[PDB]
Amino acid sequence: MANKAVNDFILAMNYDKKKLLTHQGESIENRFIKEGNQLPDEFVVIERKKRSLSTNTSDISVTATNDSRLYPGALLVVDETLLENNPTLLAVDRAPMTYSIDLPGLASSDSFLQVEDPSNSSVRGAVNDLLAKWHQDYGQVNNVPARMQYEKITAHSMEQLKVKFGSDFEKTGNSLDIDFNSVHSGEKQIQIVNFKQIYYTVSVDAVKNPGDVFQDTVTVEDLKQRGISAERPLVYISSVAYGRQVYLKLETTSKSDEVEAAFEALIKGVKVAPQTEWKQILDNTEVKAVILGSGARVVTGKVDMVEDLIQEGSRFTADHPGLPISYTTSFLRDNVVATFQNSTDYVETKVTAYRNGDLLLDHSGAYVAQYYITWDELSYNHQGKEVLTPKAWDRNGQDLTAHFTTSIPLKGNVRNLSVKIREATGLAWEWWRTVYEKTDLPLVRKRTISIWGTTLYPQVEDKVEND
């Protein structure tokens, strides 16, 4: 009857593949800015570059504790509200649907549910009954691990993070209290980590006919009621992943290039030994977190809190059905995956710190010695151009005897450090002999160049203490 018209009507729905779900964020064009600022202990080089991030994915992350709309097999509009992950459901009258669940220990036939009139309470009711039986049958006498998924990203802008984690991330992100300002100023580095623990997945298998999803009751072709066209078409929820998920902000004041490594070591089981750079970074890291799966909670504190956050809910048991943490949609017409294409431009701030240092000289040789020590001071002008300003030790070329000592302060902007040391041999037609000569000397924390011995046999030590 009218459903035979629905089959071919939906099959006649002509809509643009991959394009109707495409959205793009804010835009900006390539502009070079590179500055160098002398902080009292470090020279800091900040480099900003236009970057783009694009994602194309099937999974939609759930941020709402109470679903109301995100039950499996729900039909949602393909609309502005869908892209922004705040969908609008069209509810009138639904036909029965079969579902499947991937729990281990379930005999094949028992993995299938048959729901009469699909709704939130309906489907969740079925699933919860099934689970109640499964926890006693299998769950409490077996050790079943949840499936674990990590995603992570360095934070630069809220739009970037929206593209990464979903268009409805902003509320959660606001709860994480992300200091984008300090990332832009080069004073902080921030990583966002999404951790998902999947207990089970309720999925809908292939739909033979597009009409099978419907009874025959009311407004069958008249379903053009409110905006259901080849321009504003329908989707159904192909699957919903249930479990627990955590959004984790790791925010450090370190300017080090070992931040990501330390964060990675932290997320894993690795315990970090003291007096390490990792240990210092993690000491200076603030942790914020949003836990889901009676609602979403905001916890805060130090790095040690991460372990627990990750271990909790690792084994699926009763006392919690888990909440929908993800869902995946497929178009009515065919097996078509509904992939969401998002992209945005963002400003990437890169920071490089150059530790200040000291060059110490000790002369205890039985000879006249001369030093020739030169370097460049690095600056960036207002056009971001590299400028090198030549500098020299003020006692260059002067005759020095034992026991001479000095300390030469070298800020982090020092480049092209050259040290040459020679001694007067007292020999006719070989008046000078080079004791030491190096160029491009690394600006370590503490370098001590000592010379001793005699005119004939001068000796030298180049001692590096970079701690």
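Note that residue numbering begins at 1 and tracks the sequence as displayed.
Going from residue 211 to residue 212, the model skips none of the deposited residues; the chain is continuous there. A summary of the deposited B-factors shows that, of 366-374 and 302-310, the stretch with the larger mean C-alpha value is 302-310. Per-stretch averaging of Cα B factors for 65-73 and 421-429 places 65-73 on top. Between the residues 139, 166, 274, 145, it is 274 that shows the highest Cα B-factor in the PDB record. Looking only at 333, 196, 255, 135, the residue with the top Cα B factor in the deposited structure is 333. Among all modelled residues in this chain, the alpha-carbon of residue 229 has a temperature factor (C-alpha) in the highest third. In the PDB entry, residue 321 places in the highest third of its chain by CA B-factor. Sorting the modelled residues of the chain by their CA temperature factor places residue 394 in the lowest third. Residue 97 sits in the highest third of its chain by CA B factor, as recorded in the PDB entry. Sorting the modelled residues of the chain by their CA temperature factor places residue 87 in the highest third.
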